[PDB]
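Student: Pasting in a structure now, in structure tokens, and then I'll have a few things to ask.
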Amino acid sequence: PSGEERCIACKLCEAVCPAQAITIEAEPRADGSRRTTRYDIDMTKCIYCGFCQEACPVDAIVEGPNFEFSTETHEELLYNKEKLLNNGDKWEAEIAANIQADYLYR
Amino acid sequence: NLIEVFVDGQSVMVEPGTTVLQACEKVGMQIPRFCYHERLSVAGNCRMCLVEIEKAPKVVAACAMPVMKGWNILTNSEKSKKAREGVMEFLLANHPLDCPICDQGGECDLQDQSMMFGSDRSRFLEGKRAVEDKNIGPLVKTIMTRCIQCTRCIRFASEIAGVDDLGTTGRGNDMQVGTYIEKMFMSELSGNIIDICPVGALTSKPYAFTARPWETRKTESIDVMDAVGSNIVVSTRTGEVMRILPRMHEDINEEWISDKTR
Amino acid sequence: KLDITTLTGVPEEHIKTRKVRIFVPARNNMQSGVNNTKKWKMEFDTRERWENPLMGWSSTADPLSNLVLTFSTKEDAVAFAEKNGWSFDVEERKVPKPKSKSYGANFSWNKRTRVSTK
Amino acid sequence: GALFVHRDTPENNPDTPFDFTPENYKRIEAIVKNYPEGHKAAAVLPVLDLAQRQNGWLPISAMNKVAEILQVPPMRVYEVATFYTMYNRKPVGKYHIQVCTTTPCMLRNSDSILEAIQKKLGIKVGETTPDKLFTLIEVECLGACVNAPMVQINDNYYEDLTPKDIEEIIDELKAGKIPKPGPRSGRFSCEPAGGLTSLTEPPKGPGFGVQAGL
Amino acid sequence: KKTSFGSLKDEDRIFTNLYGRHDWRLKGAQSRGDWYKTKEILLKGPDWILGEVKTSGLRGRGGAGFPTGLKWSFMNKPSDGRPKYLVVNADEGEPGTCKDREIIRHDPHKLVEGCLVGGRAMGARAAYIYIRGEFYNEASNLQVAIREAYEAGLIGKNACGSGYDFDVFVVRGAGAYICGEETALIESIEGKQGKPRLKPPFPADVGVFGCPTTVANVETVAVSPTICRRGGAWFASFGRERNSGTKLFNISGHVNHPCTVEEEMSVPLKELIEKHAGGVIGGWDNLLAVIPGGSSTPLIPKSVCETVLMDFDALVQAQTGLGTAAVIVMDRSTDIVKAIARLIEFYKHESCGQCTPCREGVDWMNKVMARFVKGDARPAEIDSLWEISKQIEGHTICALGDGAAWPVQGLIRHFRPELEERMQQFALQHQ
Amino acid sequence: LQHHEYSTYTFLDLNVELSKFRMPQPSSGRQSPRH
Amino acid sequence: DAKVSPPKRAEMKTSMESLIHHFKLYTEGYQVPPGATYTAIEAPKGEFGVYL
Ligand SMILES: Cc1cc2nc3c(=O)[nH]c(=O)nc-3n(C[C@H](O)[C@H](O)[C@H](O)COP(=O)(O)O)c2cc1C
Ligand code: SF4
Ligand code: SF4
Ligand code: SF4
Ligand code: SF4
Ligand code: SF4
Ligand code: FES
């Protein structure tokens, strides 16, 4: 809620990825916090298993409600940390409500 | 004058003065340890080395107990497993939930020994302790809340480095490891404390947050900074050198490397 | 004199130009466990890795970059390397030498082993 | 509540002036002679106690001076100072009131004495009076559990205390009068209060019931 | 052959000057029979002294109660060129124990002569008496007694004209209960933090300054001269078999006349409380959970106290221990949970910290016990506390852990209903 | 009753006085273990 | 059993043992005792088997 990114560069979500679709690099940021310099999910190697949503400890990475994100080029589907954060900002209102709905089942 | 002792019913001939842990090592059993390092002196504080000797009411610390002829070391008895579970529970009672952010994660003796010799749940329903972090230099990043008071760093600094600047201050659960003053631990072999520390309390500042253990590819090589020829493991991920870790060569470098090499 | 090189299907460049290292992996000094130091491993020589222009991901052209094989004994790994016609280098196993440990020595009357702090 | 890390301050910096007085140096020589040669590090506790007695508290400079005198690493002196409670690592009041609040003393309404001390001094436990003459701290078994309640001062045991007794002792200390150590009730020692139930008869004397073969 | 012990005449009392009414200086000690024919005892030989101790059947007064004669004989082996030392443990840190304070303050020459005799038995050049730092005045008294002995020639070169060179040194502690433990005492004397060693190297083979050392309680050492002069069989006469001797007892707590008294071993607890302690406050009906042998020993309910005999084995049968012989009495107008919690907090503050079991579990038990005293816990927590105590006990490097575990186990075992009642009451209060 | 009047340095002064009566101390053979 | 099945999210976020087990299970996984098995079920299309 502060606006700080939830990711703490655990890379365990990268580790559990069945298709190795997540590439993560991290360095201590100017504040000294453990943040990701690089977070990439290849939406073309992803199997949309739902892992790393269960695996990620801080709830940072979430498969949101959107399904209509078709692209006219292959490169558009190789997401970047900026693109993923923009998606999180775009869909946070729905994502938070869905997590609230299902957080007790998890 | 080898004497005969039995580890889980198997006869092993060991020289007098051999500890129970080394006798188990002879048969391949690696007694779980947190505070015992072969290079360093024996301490016995950790208490994870406790094992049951047949016909003996009290479990013994494998690290610090010399074997006696005819002893049968029951390394997997119910008593030994329960002692390991209790010691692990005590170790994890006040340990911070920093694993996702702890650099030692994936290479932490506490994690693996909990997954192998400990319970899968916590009965601790109270608040955990916190320790103010100490600054000991520009190379070792210190998060002392993760410390398990194994005293490995103190014994290393005293015995190998020769710098008697790290010690324990206070008593009880408030006991803390680190220079009482704002002293900086400076030595050629200071970086080895990062390796020796079982938990991620002491970690490499330059390597902090850069990578996780499973990702790295390990290449065995030799250092060139000095003519000692220390054997090293060069850890690379995605074609980029991530860290230099010591490799054991008893003849040249036991398990240590200089700060310049590291 | 067994040779399966023709039958393997490996291209000639990797058969001839690659050096395979037969070794017992050293213990990760970060951990005291020794379970990962009990079996011989065969690993191929490292080759070029470059950054992908689009994303910066590490790209490789070495088919055997990630190929690692486990062998119970050194002789078996050597036999496999010879049968597959790979040049092999064997590093002898490194075993921790036996040490003498005494808790009493920490409190010696006359020796230097006495410990200032416990 | 005392911290076990040292933050350098103008009062407690390493350059704070402390050196043993020459008589204390002779006492240090006497202390060192007690322990075997080559183990002069054993003098650390008595020498630190001497330093605390001389200065009233142990500054970091005092610990460094002890380490230098005994040729021991300073960190060991730091460890000894932190581990043992009696050593004072911060300045304390002229008279240190230590109230034993352990189970045996607790059963003998020690909290009453503690509260009376708090009210008279005006300071809560762990605080020093603005006059800097009294510091109140609770402690564990001081060894006179049988003569509870019992509050120790700089070095004297004022045992078998009642609220009025403790208030009177505090008044005497404020006046500068030195109270006599011992049970402030009628009893003189661990003797049964009403009367001696043992040792009523005179001592038997030398040579009593001595084994013939000796 | 007597089936009921509990009455000791003044003649048989070793500590004649226990209450201090007679002079504590050398003149008084000599007048009361101290330092009598000590030369003859020393000349008789180490073996005769150890045999006298063994025949006495004396058990260690520290609280462990190991056979004193066998313990001292461990040091009888020929010297290897290292010096030998005898360390008298005057720490007296156990909550409720005050005997050693009386012994040192009012009868120091007893301890000095006992040190000489024991050192002769152990072949020890010198004896170090570790005295609790808080006991400053008693330490000064002991130093004065030692000075008088040195002037008289009783100690020092040619001690008592026996051709035996012995020195008594008094070392004062810095305020730590753990230092009472023998290895912790040795470490503290050596100048390190007072943290117990691992036993596998035993104190006899390696001790203070890395030399053979025997650590004995002040009472055990003090009784040695009287045991030698009067004879071992004299000590054996008092008390049951294996529990022989006259033991100092500290009766404290909710008793009309708190006092320290000397009575034969095996004296009935009710007899000791009523005869010398003035009876329980409110009478015997009000008795609730007397602590038999100090804080470390588990509490016993009133029913057990009615017929219990104060000897080592009998108290062990009671699931308690004689310990330091300190009797702490609680009247029914007491919160047993609060008292046991205070003792557990004492253990938390007095823990060294090196042993993970003790360092963490004792703090854990203290927090759980505070929650219990408030009542802010579920009933299941009691079994969890029992299991935690069992984990702590027998796995620590020092008995302090077991000392912490035992009171919690005793409280659970004998007053479990009270804790559940308080938990239910708290739940009702907060609804 | 003598204990009623003891000063801060009484114990150390008594030790200083007793120094003369004390016998020669044993030596490990080295100035310090660190030596 | 938290050494085979991951702990619940609240437990992982509140308990140290649960966090350790979650970390290891989602990074290393659970070691399976050495062995081999052919397990078959009556799948809708017939017998489905895994020789693991
Ligand atoms: C935590 C703890 C505190 C102890 N405190 C004392 C003590 O204050 N005085 C004492 O004589 N023994 C104390 N002991 C017992 C000693 O470790 C040891 O058993 C004793 O000195 C042996 O004396 P003995 O030979 O007369 O039995 C303590 C033990 C423990 C575990
Ligand atoms: S939860 Fe997501 S953002 Fe956080 S460390 Fe794991 S992969 Fe990175
Ligand atoms: S949901 Fe996507 S990012 Fe997560 S593990 Fe599956 S493929 Fe990888
Ligand atoms: S910092 Fe690490 S090595 Fe040092 S005592 Fe703590 S856990 Fe042991
Ligand atoms: S070192 Fe401590 S914080 Fe880091 S993974 Fe291990 S137990 Fe967790
Ligand atoms: S049991 Fe407690 S007091 Fe004894 S050594 Fe261990 S931590 Fe220290
Ligand atoms: S290191 Fe574990 S008991 Fe010694």
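Chain labels A, B, ... are given in the sequence in which chains occur in the structure tokens; within each chain residues are numbered consecutively from 1, and ligands are likewise numbered from 1 in the order shown.
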Residues up to 8 Å from ligand 2, counting only C-alpha atoms and all ligand atoms: could you list those as a count of residues only?

Tutor: 23

Student: How close does chain E get to ligand 4? List, as a Markdown table, each residue of chain E within 12 Å, its nearest atom pair and the distance in Å to one decimal, counting only C-alpha atoms and all ligand atoms.

Tutor:
| residue | atom | partner | partner_atom_place_in_ligand_line | distance |
| --- | --- | --- | --- | --- |
| E:353 | CA | ligand 4 | 5 (S) | 11.7 |
| E:354 | CA | ligand 4 | 5 (S) | 10.0 |
| E:356 | CA | ligand 4 | 7 (S) | 11.6 |

Student: Would you mind exporting the chosen residues as a PDB file, in the first residue's frame, restricted to N, CA, C and O atoms?

Tutor:
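Everything below was put into selection_3.pdb:
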ATOM      1  N   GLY E 353      23.986 -18.923  28.543  1.00  0.00           N
ATOM      2  CA  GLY E 353      23.589 -18.616  27.158  1.00  0.00           C
ATOM      3  C   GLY E 353      24.306 -19.484  26.142  1.00  0.00           C
ATOM      4  O   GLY E 353      23.843 -19.532  24.992  1.00  0.00           O
ATOM      5  N   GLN E 354      25.401 -20.141  26.530  1.00  0.00           N
ATOM      6  CA  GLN E 354      26.185 -20.920  25.534  1.00  0.00           C
ATOM      7  C   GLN E 354      25.350 -22.096  25.024  1.00  0.00           C
ATOM      8  O   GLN E 354      25.330 -22.311  23.800  1.00  0.00           O
ATOM      9  N   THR E 356      22.363 -23.936  23.613  1.00  0.00           N
ATOM     10  CA  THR E 356      21.115 -23.589  22.940  1.00  0.00           C
ATOM     11  C   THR E 356      19.900 -24.059  23.719  1.00  0.00           C
ATOM     12  O   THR E 356      18.974 -23.250  23.919  1.00  0.00           O
TER      13      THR E 356
END

Student: Identify, with DSSP run on backbone atoms, the residues in region 12-52 of chain G assigned to strand (DSSP E), and express the list as a VMD selection string.

Tutor: chain G and resid 38 to 43 46 to 51

Student: Which chain E residues are at most 8 Å from chain F (counting only C-alpha atoms), as an MDAnalysis selection string?

Tutor: chainID E and resid 83 137:141 143:144 147 150 156:157 165 167

Student: Hey, which residues sit close to ligand 5? Say within 6 Å, counting only C-alpha atoms and all ligand atoms, and write them as a ChimeraX atom specification.

Tutor: /B:96-99,102,104-105,108,110-111,146,199-200

Student: How would the residues just chosen look if you wrote them out with C-alpha atoms as a PDB file, in the first residue's frame?

Tutor:
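selection_32.pdb written:
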ATOM      1  CA  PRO B  96      14.022 -14.384  12.159  1.00  0.00           C
ATOM      2  CA  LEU B  97      11.730 -15.281   9.269  1.00  0.00           C
ATOM      3  CA  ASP B  98      14.277 -13.767   6.904  1.00  0.00           C
ATOM      4  CA  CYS B  99      14.849 -16.766   4.641  1.00  0.00           C
ATOM      5  CA  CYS B 102      18.561 -14.103   3.680  1.00  0.00           C
ATOM      6  CA  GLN B 104      22.293 -17.965   2.969  1.00  0.00           C
ATOM      7  CA  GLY B 105      18.936 -19.334   1.804  1.00  0.00           C
ATOM      8  CA  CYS B 108      21.878 -22.684   4.990  1.00  0.00           C
ATOM      9  CA  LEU B 110      19.818 -24.392   9.597  1.00  0.00           C
ATOM     10  CA  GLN B 111      17.351 -24.855   6.725  1.00  0.00           C
ATOM     11  CA  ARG B 146      20.008 -14.579  12.465  1.00  0.00           C
ATOM     12  CA  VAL B 199      23.601 -19.070   9.290  1.00  0.00           C
ATOM     13  CA  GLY B 200      23.385 -15.967   7.129  1.00  0.00           C
TER      14      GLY B 200
END

Student: Out of E:394, E:268, E:28, E:210, which residue has the shortest atom-to-atom distance to residue 115 (chain C) when counting only C-alpha atoms?

Tutor: E:210

Student: How close does each residue of chain B get to ligand 7, giving the shortest atom pair and distance in Å to one decimal for every residue with an atom at most 7 Å away, counting only C-alpha atoms and all ligand atoms, sorted by chain and residue number, as a Markdown table?

Tutor:
| residue | atom | partner | partner_atom_place_in_ligand_line | distance |
| --- | --- | --- | --- | --- |
| B:33 | CA | ligand 7 | 2 (Fe) | 5.0 |
| B:34 | CA | ligand 7 | 1 (S) | 5.4 |
| B:35 | CA | ligand 7 | 1 (S) | 3.6 |
| B:36 | CA | ligand 7 | 1 (S) | 3.9 |
| B:42 | CA | ligand 7 | 4 (Fe) | 6.5 |
| B:43 | CA | ligand 7 | 4 (Fe) | 5.5 |
| B:44 | CA | ligand 7 | 4 (Fe) | 3.0 |
| B:45 | CA | ligand 7 | 3 (S) | 5.5 |
| B:46 | CA | ligand 7 | 2 (Fe) | 4.0 |
| B:47 | CA | ligand 7 | 3 (S) | 3.4 |
| B:48 | CA | ligand 7 | 2 (Fe) | 4.4 |
| B:49 | CA | ligand 7 | 2 (Fe) | 4.2 |
| B:50 | CA | ligand 7 | 3 (S) | 6.0 |
| B:61 | CA | ligand 7 | 3 (S) | 4.8 |
| B:62 | CA | ligand 7 | 3 (S) | 6.7 |
| B:63 | CA | ligand 7 | 4 (Fe) | 4.8 |
| B:64 | CA | ligand 7 | 4 (Fe) | 6.0 |

Student: Please write out the residues within 6 Å of ligand 1 as a ChimeraX atom specification, counting only C-alpha atoms and all ligand atoms.

Tutor: /E:60-66,68,89-94,177-178,180-182,215-217,220,398-400

Student: What are the residues of chain C lining chain A at 9 Å or less? Count only C-alpha atoms, and put the answer as a list in words.

Tutor: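 Result, ordered by chain then number: residues 54, 55 and 57 of chain C.
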
Student: Write the residues of the preceding selection, restricted to C-alpha atoms, as a CSV table (one decimal), in the first residue's frame.

Tutor:
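Result saved to result36.csv:
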chain,number,residue,atom,x,y,z
C,54,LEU,CA,16.6,-8.3,-27.3
C,55,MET,CA,16.5,-9.1,-23.5
C,57,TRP,CA,19.5,-13.3,-21.6

Student: For ligand 6, return the neighbouring residues as a VMD selection string (distance at most 9 Å; only C-alpha atoms and all ligand atoms).

Tutor: (chain B and resid 45 171 to 173) or (chain E and resid 177 to 179 181 184 194 to 198 347 to 348 350 to 360 362 392 to 393 395 to 404)

Student: Residues of chain B near chain D: apply a cut-off of 12 Å, count only C-alpha atoms, and supply the list as an MDAnalysis selection string.

Tutor: chainID B and resid 131:135 154 157:158 162:172 174:183

Student: Could you take the residues named above and write them with C-alpha atoms, as a PDB file, in the first residue's frame?

Tutor:
ATOM      1  CA  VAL B 131      19.444  -7.896  18.050  1.00  0.00           C
ATOM      2  CA  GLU B 132      20.921  -4.594  16.935  1.00  0.00           C
ATOM      3  CA  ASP B 133      23.286  -5.237  14.046  1.00  0.00           C
ATOM      4  CA  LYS B 134      27.034  -4.708  14.441  1.00  0.00           C
ATOM      5  CA  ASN B 135      29.337  -3.176  11.832  1.00  0.00           C
ATOM      6  CA  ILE B 154      34.919 -16.079  17.625  1.00  0.00           C
ATOM      7  CA  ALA B 157      39.126 -15.195  14.751  1.00  0.00           C
ATOM      8  CA  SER B 158      41.078 -16.314  17.820  1.00  0.00           C
ATOM      9  CA  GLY B 162      44.785 -14.492  15.411  1.00  0.00           C
ATOM     10  CA  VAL B 163      42.623 -11.404  16.015  1.00  0.00           C
ATOM     11  CA  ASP B 164      40.883 -11.588  19.401  1.00  0.00           C
ATOM     12  CA  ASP B 165      38.335  -8.899  18.576  1.00  0.00           C
ATOM     13  CA  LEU B 166      35.111 -10.931  18.220  1.00  0.00           C
ATOM     14  CA  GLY B 167      33.471 -12.263  21.370  1.00  0.00           C
ATOM     15  CA  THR B 168      30.235 -12.785  23.267  1.00  0.00           C
ATOM     16  CA  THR B 169      28.834  -9.942  25.373  1.00  0.00           C
ATOM     17  CA  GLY B 170      26.010 -10.475  27.842  1.00  0.00           C
ATOM     18  CA  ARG B 171      24.405 -13.574  29.285  1.00  0.00           C
ATOM     19  CA  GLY B 172      21.319 -15.639  28.615  1.00  0.00           C
ATOM     20  CA  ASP B 174      20.525 -11.583  25.509  1.00  0.00           C
ATOM     21  CA  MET B 175      24.004 -12.936  24.755  1.00  0.00           C
ATOM     22  CA  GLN B 176      25.336 -11.260  21.614  1.00  0.00           C
ATOM     23  CA  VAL B 177      28.321 -11.975  19.372  1.00  0.00           C
ATOM     24  CA  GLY B 178      30.473  -9.076  18.136  1.00  0.00           C
ATOM     25  CA  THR B 179      33.018  -6.425  19.227  1.00  0.00           C
ATOM     26  CA  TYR B 180      31.608  -4.644  22.337  1.00  0.00           C
ATOM     27  CA  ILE B 181      33.062  -1.403  20.871  1.00  0.00           C
ATOM     28  CA  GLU B 182      32.735  -0.072  17.273  1.00  0.00           C
ATOM     29  CA  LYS B 183      35.880  -1.995  16.267  1.00  0.00           C
TER      30      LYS B 183
END

Student: Within 6 Å of ligand 3, counting only C-alpha atoms and all ligand atoms, which protein or nucleic acid residues do you find, written as a short mmCIF file (atom, residue, chain, number, x, y, z; two decimals) with N, CA and C atoms, in the first residue's frame?

Tutor:
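Saved the output as selection.cif:
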data_model
loop_
_atom_site.label_atom_id
_atom_site.label_comp_id
_atom_site.auth_asym_id
_atom_site.auth_seq_id
_atom_site.Cartn_x
_atom_site.Cartn_y
_atom_site.Cartn_z
N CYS A 17 9.51 -22.23 -11.19
CA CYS A 17 8.88 -22.09 -12.49
C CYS A 17 9.09 -23.37 -13.28
N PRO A 18 8.02 -24.07 -13.66
CA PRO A 18 8.22 -25.34 -14.38
C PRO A 18 8.87 -25.18 -15.74
N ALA A 21 10.48 -19.78 -17.14
CA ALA A 21 10.03 -18.60 -17.86
C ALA A 21 10.35 -17.29 -17.14
N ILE A 22 10.92 -17.35 -15.94
CA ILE A 22 11.21 -16.16 -15.15
C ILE A 22 12.72 -16.01 -15.03
N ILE A 41 9.36 -12.28 -17.33
CA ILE A 41 8.58 -13.48 -17.55
C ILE A 41 8.32 -13.58 -19.04
N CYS A 46 5.88 -19.49 -20.76
CA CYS A 46 5.08 -19.75 -19.57
C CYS A 46 3.99 -20.78 -19.87
N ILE A 47 3.72 -21.63 -18.89
CA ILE A 47 2.64 -22.61 -18.98
C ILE A 47 1.44 -22.20 -18.13
N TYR A 48 1.48 -21.02 -17.52
CA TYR A 48 0.37 -20.50 -16.73
C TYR A 48 -0.08 -21.53 -15.70
N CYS A 49 0.91 -22.16 -15.06
CA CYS A 49 0.66 -23.19 -14.07
C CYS A 49 0.01 -22.63 -12.82
N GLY A 50 0.26 -21.36 -12.51
CA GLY A 50 -0.15 -20.79 -11.25
C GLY A 50 0.89 -20.86 -10.16
N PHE A 51 2.04 -21.47 -10.43
CA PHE A 51 3.12 -21.47 -9.47
C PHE A 51 3.74 -20.08 -9.40
N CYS A 52 4.53 -19.87 -8.35
CA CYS A 52 5.19 -18.60 -8.09
C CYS A 52 4.18 -17.56 -7.63
#

Student: When you look at region 102-111 of chain E with a cut-off of 10 Å (counting only C-alpha atoms), what residues show up, excluding the ones that are within fewer than 4 positions of it in the same chain? I need them as an NGL selection string.

Tutor: (:D and (143-144 or 189-190)) or (:E and (14-30 or 33-35 or 88 or 90 or 98 or 115-117 or 129 or 131 or 135 or 137-146 or 148-149 or 218-226 or 248 or 260)) or (:F and (1 or 3))

Student: Next, dump the selected residues to file, keeping only C-alpha atoms, as a PDB file, in the first residue's frame.

Tutor:
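What landed in part38.pdb:
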ATOM      1  CA  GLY D 143      22.384 -15.357  49.914  1.00  0.00           C
ATOM      2  CA  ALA D 144      20.330 -14.192  52.923  1.00  0.00           C
ATOM      3  CA  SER D 189      21.637 -13.991  62.578  1.00  0.00           C
ATOM      4  CA  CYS D 190      19.861 -16.983  61.025  1.00  0.00           C
TER       5      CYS D 190
ATOM      6  CA  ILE E  14      29.731 -29.809  63.945  1.00  0.00           C
ATOM      7  CA  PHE E  15      28.964 -26.093  63.491  1.00  0.00           C
ATOM      8  CA  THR E  16      28.975 -25.077  67.143  1.00  0.00           C
ATOM      9  CA  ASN E  17      29.316 -21.367  66.307  1.00  0.00           C
ATOM     10  CA  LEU E  18      26.615 -21.435  63.622  1.00  0.00           C
ATOM     11  CA  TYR E  19      24.704 -18.482  65.070  1.00  0.00           C
ATOM     12  CA  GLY E  20      27.933 -16.586  65.763  1.00  0.00           C
ATOM     13  CA  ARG E  21      27.317 -15.977  69.463  1.00  0.00           C
ATOM     14  CA  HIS E  22      30.760 -17.355  70.288  1.00  0.00           C
ATOM     15  CA  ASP E  23      33.900 -15.693  68.946  1.00  0.00           C
ATOM     16  CA  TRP E  24      34.628 -16.462  65.290  1.00  0.00           C
ATOM     17  CA  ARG E  25      38.336 -15.601  65.464  1.00  0.00           C
ATOM     18  CA  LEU E  26      41.125 -18.144  65.891  1.00  0.00           C
ATOM     19  CA  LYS E  27      40.914 -18.050  69.692  1.00  0.00           C
ATOM     20  CA  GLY E  28      37.223 -18.940  69.642  1.00  0.00           C
ATOM     21  CA  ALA E  29      37.691 -21.668  67.040  1.00  0.00           C
ATOM     22  CA  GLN E  30      40.476 -23.254  69.079  1.00  0.00           C
ATOM     23  CA  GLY E  33      37.770 -27.648  69.330  1.00  0.00           C
ATOM     24  CA  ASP E  34      38.909 -26.371  65.931  1.00  0.00           C
ATOM     25  CA  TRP E  35      42.505 -26.792  64.744  1.00  0.00           C
ATOM     26  CA  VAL E  88      35.832 -24.477  47.776  1.00  0.00           C
ATOM     27  CA  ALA E  90      31.114 -20.579  48.460  1.00  0.00           C
ATOM     28  CA  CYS E  98      22.037 -19.516  53.243  1.00  0.00           C
ATOM     29  CA  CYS E 115      40.776 -26.880  53.303  1.00  0.00           C
ATOM     30  CA  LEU E 116      44.101 -27.968  54.770  1.00  0.00           C
ATOM     31  CA  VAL E 117      42.877 -31.505  55.453  1.00  0.00           C
ATOM     32  CA  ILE E 129      37.799 -20.473  47.982  1.00  0.00           C
ATOM     33  CA  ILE E 131      33.101 -16.616  47.487  1.00  0.00           C
ATOM     34  CA  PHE E 135      29.222 -11.644  50.314  1.00  0.00           C
ATOM     35  CA  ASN E 137      31.849  -8.751  54.560  1.00  0.00           C
ATOM     36  CA  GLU E 138      31.893 -12.531  54.976  1.00  0.00           C
ATOM     37  CA  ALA E 139      34.806 -12.651  52.523  1.00  0.00           C
ATOM     38  CA  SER E 140      36.651 -10.092  54.655  1.00  0.00           C
ATOM     39  CA  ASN E 141      35.971 -12.241  57.723  1.00  0.00           C
ATOM     40  CA  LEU E 142      37.367 -15.284  55.926  1.00  0.00           C
ATOM     41  CA  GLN E 143      40.450 -13.305  54.883  1.00  0.00           C
ATOM     42  CA  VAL E 144      40.979 -12.256  58.503  1.00  0.00           C
ATOM     43  CA  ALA E 145      40.705 -15.893  59.574  1.00  0.00           C
ATOM     44  CA  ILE E 146      43.241 -16.876  56.907  1.00  0.00           C
ATOM     45  CA  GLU E 148      45.321 -15.500  61.677  1.00  0.00           C
ATOM     46  CA  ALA E 149      46.027 -19.027  60.439  1.00  0.00           C
ATOM     47  CA  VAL E 218      31.899 -25.088  51.857  1.00  0.00           C
ATOM     48  CA  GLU E 219      29.954 -27.434  54.142  1.00  0.00           C
ATOM     49  CA  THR E 220      31.594 -30.573  52.738  1.00  0.00           C
ATOM     50  CA  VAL E 221      35.095 -29.165  53.211  1.00  0.00           C
ATOM     51  CA  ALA E 222      34.283 -27.722  56.642  1.00  0.00           C
ATOM     52  CA  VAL E 223      32.953 -31.024  57.989  1.00  0.00           C
ATOM     53  CA  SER E 224      36.148 -32.840  56.987  1.00  0.00           C
ATOM     54  CA  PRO E 225      38.234 -31.823  60.047  1.00  0.00           C
ATOM     55  CA  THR E 226      35.435 -32.775  62.443  1.00  0.00           C
ATOM     56  CA  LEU E 248      22.532 -27.752  57.741  1.00  0.00           C
ATOM     57  CA  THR E 260      19.043 -22.063  59.671  1.00  0.00           C
TER      58      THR E 260
ATOM     59  CA  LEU F   1      30.338  -7.828  65.280  1.00  0.00           C
ATOM     60  CA  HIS F   3      32.155  -7.347  60.246  1.00  0.00           C
TER      61      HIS F   3
END

Student: Pick out the residues sitting within 12 Å of residue 337 (chain E), and hand them over as a ChimeraX atom specification; count only C-alpha atoms, and ignore anything fewer than 2 positions along from it in its own chain.

Tutor: /D:103 /E:289,299,330,334-335,339-344,366,368-375,407-412,414-423

Student: Taking only C-alpha atoms into account, name the residue in A:74, A:62, A:25, A:16 that is nearest to residue 240 (chain B).

Tutor: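 Closest to residue 240 (chain B) of all the choices is A:25.
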
Student: Residues of chain F within 7 Å of chain C, counting only C-alpha atoms, what are they? List them as a list in words.

Tutor: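 Listed by rising number, the hits are residues 28, 29, 33 and 34 of chain F.
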
Student: Would you write out those residues with C-alpha atoms, as an mmCIF file, in the first residue's frame?

Tutor:
data_model
loop_
_atom_site.group_PDB
_atom_site.id
_atom_site.type_symbol
_atom_site.label_atom_id
_atom_site.label_comp_id
_atom_site.auth_asym_id
_atom_site.auth_seq_id
_atom_site.Cartn_x
_atom_site.Cartn_y
_atom_site.Cartn_z
ATOM 1 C CA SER F 28 53.458 -22.941 33.288
ATOM 2 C CA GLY F 29 56.806 -22.140 31.662
ATOM 3 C CA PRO F 33 49.277 -18.876 26.457
ATOM 4 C CA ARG F 34 49.301 -16.301 23.656
#
